[PDB]
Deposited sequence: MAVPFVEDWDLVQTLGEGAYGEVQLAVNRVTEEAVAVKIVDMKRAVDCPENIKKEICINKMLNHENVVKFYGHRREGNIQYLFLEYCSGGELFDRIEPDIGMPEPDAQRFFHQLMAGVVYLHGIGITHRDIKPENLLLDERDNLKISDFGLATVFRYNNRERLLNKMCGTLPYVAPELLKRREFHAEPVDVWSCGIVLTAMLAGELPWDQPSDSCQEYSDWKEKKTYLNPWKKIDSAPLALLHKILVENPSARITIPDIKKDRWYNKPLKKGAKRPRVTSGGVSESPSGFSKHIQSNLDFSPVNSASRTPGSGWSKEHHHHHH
């Protein structure tokens, strides 16, 4: 009915490319991922299955020849990456809250049989109230279908975030890989640095971690409570690695640290 409601002005480059689009009539904002098909099909397919408060909402897609347009939730708070101060990290209570939200999103995805495969701060966006949303399902895949798990073998992800089994084994379970990358994200949040270029014994920093030399860099900056959680996540053997239901029982995970968003108040 309302004449111009389907018109969106592309106002600014967010990061093919991602454009911030604003509705001509309502002024509602959305992100438009523009992909020059000249993976997308899978990405759209996967997005249509998604509906969760810690996952970037998918509004739809439009053809237009060789260009694919994916309409996605706009996250005005930007990337989590930008909230991490180099060599420092961020306040522990903030890191805990983002970690809780990240686990909520991951539990949701795993519950529907989807693995993201590329969790890292660049792919974790923040809304207007600093709620974290998992983004970019370009590398995502179905690991469970009709209640049967399929083992993965494709090497996907980003080296500093990738689990060591993906470098050492032909096949591996999907879920522990996403848990591992969440561990590296937690490290980045608390220390403002990545612990190693990749989880290989040829990597001095990685061997040092396996030898428990936590008086070294990023580890010494942590705090014993979140560090004990990291000791459970960053375990080389994915079969021994902590699972999400057990992360949710962790002492640090459950430690009261952060006050809720401060609301207006006065005194009489």
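Ranges missing from the model, given as deposited sequence positions: Missing CA coords at 1, 17-20, 44-50, 281-323.
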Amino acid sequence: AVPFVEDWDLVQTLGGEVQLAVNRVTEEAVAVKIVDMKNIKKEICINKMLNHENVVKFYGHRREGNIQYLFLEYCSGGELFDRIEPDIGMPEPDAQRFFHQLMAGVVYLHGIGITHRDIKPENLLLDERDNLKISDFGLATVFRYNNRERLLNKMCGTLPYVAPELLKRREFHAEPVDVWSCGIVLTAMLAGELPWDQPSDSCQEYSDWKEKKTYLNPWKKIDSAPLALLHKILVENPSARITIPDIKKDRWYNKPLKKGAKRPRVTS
From here on, numbers count along this sequence of modelled residues.
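Residue 38 not built in a third or more of the other entries: In at least a third of the comparable entries (those modelling both sides of it), residue 38 has no coordinates.
Which of 149-157 and 104-112 has higher mean CA B factor, as the PDB entry lists it: Looking at the recorded C-alpha B-factors, 149-157 comes out higher on average.
Stretch with the higher entry mean CA B-factor, where the candidates are 136-144 and 179-187: So the stretch with the higher mean C-alpha B-factor is 136-144.
Most elevated Cα B-factor in the entry, residues 54, 239, 66, 47: Top of the list by C-alpha B-factor: 66.
Candidate set 24, 255, 258, 249 [ranked by C-alpha B-factor, highest]: Most elevated C-alpha B-factor of the set, per the entry: 258.
Relative C-alpha B-factor of residue 97, binned into the chain's lowest, middle or highest third: It falls in the bottom third of the chain.
CA B-factor ranking of residue 222, expressed as a third of its chain: CA B-factor rank for residue 222: middle third.
Chain-wide C-alpha B factor ranking for residue 129, given as lowest, middle or highest third: Within its chain, residue 129 is a highest-third residue by C-alpha B-factor, going by the deposited values.
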